[PDB]
Ligand SMILES: [Mg+2]
Ligand SMILES: [Mg+2]
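Residue numbers (the entry's author numbering), protein chains in the order written: chain B, 15 to 26, 30 to 40, 52 to 68, 81 to 111, 117 to 161, 164 to 260; chain A, 0 to 269.
Below is the structure:
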């Protein structure tokens with residue numbers, strides 16, 4: 015299983034050297061799959089399924105590029126929204142949640158940041176609403192075990208015979224290991240030196256890039 | 000039920016007042032007085048009770064805030080207000096800190112005599128519309144390059160009431176950076192004990208003879224009680240009915256508004 019941002023490419030985007038020739053379980057939510065795949081398993085379709093099953097109608101706190109994936118709100122769906130994380134948009138999501146009988150916040154990933164310099168990801172804004180509303184988000188995407196399992200099922204491979212490759216030490220590496228996989232940390236993308244000596248997560252191996260992997 | 004109000008308010012010589020949600024609710028064109036609160040302040044000033052405003056207000060400078068309130072009819076001077084910006088400025092000076100200011104323009108004047116150039120920390124306040132992704136990201140990028148990252152937050156409130164509904168305050172954006180950077184903010188303002196103590200010292204009243212009146216069950220009420228004061232929760236401002244049955248904080252009393260609090264104080268307090 016291959017992470018995309020920080021492994022194949024960095025958005026902005031630009032291919033990481035050696036990664037095109039070296040060649052997917054992604055939390056990408058700024059762009060639809062079609063748009064991402066054009067630029068080159082994702083959380084939006086898995087979210088769509090969960091919404092349908094529960095009669096949930098989302099207020100979408102998202103980037104315009106992923107809106108296609110969701111083609117009287119009773120929950121909020123928050124993604125890697127970037128510039129769309131205006132105060133107006135955040136406040137509107139907040140005010141929706143604060144009027145619900147049963148407030149539900151669905152988050153597409155919980156990454157802290159990604160490399161582009165370093166950029167704030169969905170996670171910090173997820174935490175803002177959790178604190179503001181006094182609720183816990185449901186995370187669809189990595190490191191949720193159902194996300195990894197769906198990606199494994201798509202290729203017909205069990206966890207003990209699979210390896211995840213990623214730049215996010217907790218989200219990718221820790222997450223995959225928790226599901227019974229092996230996992231490798233790349234030193235491209237969001238990687239910082241401390242991630243190789245992380246107090247909680249010891250990757251099964253550390254590699255400079257996808258090519259070395 | 001509750002102990003008699005006369006027991007509950009016995010010995011109170013001083014009053015710390017929250018502003019937003021207690022005197023007024025902010026909004027476009029200077030906000031709106033809460034009914035009965037202008038006259039309640041007047042009645043307090045006339046009494047022998049000592050009065051201090053203990054506010055986390057950080058969207059506007061004290062001069063601007065005090066101007067807005069005076070224009071609504073309040074009897075209030077800058078000398079009577081304890082607010083976070085000056086306390087933050089003192090701390091920045093004592094530690095050689097130079098802040099990147101994640102703030103509304105209206106409070107920028109408060110930091111006029113601080114060097115923000117070559118910033119070695121971030122100060123986050125109630126920034127409202129200025130919580131753009133760009134500004135949040137810039138603050139984030141400043142913190143991530145620092146050897147020793149320091150985040151100073153002017154309050155940690157979740158939300159406050161405004162004319163346009165409940166609004167996201169400083170706290171949620173504080174929590175965002177804490178998560179993004181992997182650090183804990185230093186909170187200057189309520190409910191930090193030093194903040195309440197500075198306000199008590201300004202009026203020469205000890206905590207066991209003081210009462211805090213506020214709309215924020217954790218920040219105002221829980222905070223004050225943790226410093227040894229009594230505290231009353233108002234039902235105006237950001238108050239929701241679940242706040243009267245809060246699992247952690249049991250206010251010393253609940254009142255509909257400042258007017259009711261003042262009726263009770265002048266009836267039962269010193
Ligand atoms: Mg990645
Ligand atoms: Mg208040």
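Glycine included, every Cβ here is placed at the ideal spot set by N, Cα and C.
Buried or exposed: which applies to residue i, given that a residue is buried once 16 or more other Cβ atoms fall within 10 Å of its Cβ?
i, result
"residue 117 of chain A", "exposed"
"residue 228 of chain A", "buried"
"residue 246 of chain B", "exposed"
"residue 224 of chain B", "buried"
"residue 200 of chain B", "exposed"
"residue 34 of chain A", "exposed"
"residue 177 of chain A", "buried"
"residue 57 of chain A", "buried"
"residue 6 of chain A", "exposed"
"residue 70 of chain A", "exposed"
"residue 235 of chain B", "buried"
"residue 243 of chain B", "exposed"
"residue 157 of chain A", "buried"
Could you list which residues in chain A have their beta carbon closer than 9 Å to that of residue i, in chain order?
i, result
"residue 128 of chain B", "131, 132 and 133"
So with CB distances below 8 Å, who are the chain B contacts of residue i?
i, result
"residue 136 of chain A", "166 and 167"
Answer yes or no: does any C-beta atom of chain B fall closer than 8 Å to that of residue i?
i, result
"residue 174 of chain A", "yes"
"residue 238 of chain A", "no"
At the 8 Å Cβ level, is residue i part of the contact set with chain A, yes or no?
i, result
"residue 143 of chain B", "yes"
"residue 140 of chain B", "yes"
"residue 158 of chain B", "yes"
Compute every distance between the C-beta of residue i and the non-hydrogen atoms of ligand 1, then say whether any falls below 7 Å.
i, result
"residue 187 of chain A", "no"
"residue 125 of chain B", "no"
"residue 191 of chain B", "no"
"residue 181 of chain B", "no"
"residue 253 of chain B", "no"
"residue 164 of chain B", "no"
"residue 95 of chain B", "no"
Which residues in chain B sit within 9 Å of residue i, going by Cβ to Cβ distance?
i, result
"residue 170 of chain A", "175, 178 and 179"
Considering Cα atoms alone, identify which of the options is closest to residue i.
i, options, result
"residue 212 of chain A", "A:36, A:6 and A:29", "A:36"
"residue 168 of chain B", "B:100, B:96 and B:130", "B:130"
"residue 126 of chain A", "A:144, A:107 and A:114", "A:107"
"residue 154 of chain A", "A:189, A:143, A:174 and A:134", "A:189"
"residue 151 of chain A", "A:198, A:111 and A:94", "A:94"
"residue 248 of chain B", "B:98, B:219 and B:146", "B:219"
"residue 46 of chain A", "A:29, A:30, A:12 and A:68", "A:12"
"residue 89 of chain A", "A:122, A:71 and A:74", "A:122"
"residue 144 of chain A", "A:119, A:267 and A:67", "A:119"
"residue 20 of chain A", "A:238, A:251 and A:104", "A:238"
"residue 52 of chain B", "B:104, B:159, B:197 and B:15", "B:15"
"residue 260 of chain B", "B:26, B:32, B:25 and B:38", "B:38"
Can you find a heavy atom of ligand 2 that lies under 7 Å from the Cβ of residue i?
i, result
"residue 19 of chain A", "yes"
"residue 214 of chain A", "yes"
"residue 24 of chain A", "no"
"residue 242 of chain A", "no"
"residue 221 of chain A", "no"
"residue 158 of chain A", "no"
"residue 236 of chain A", "yes"
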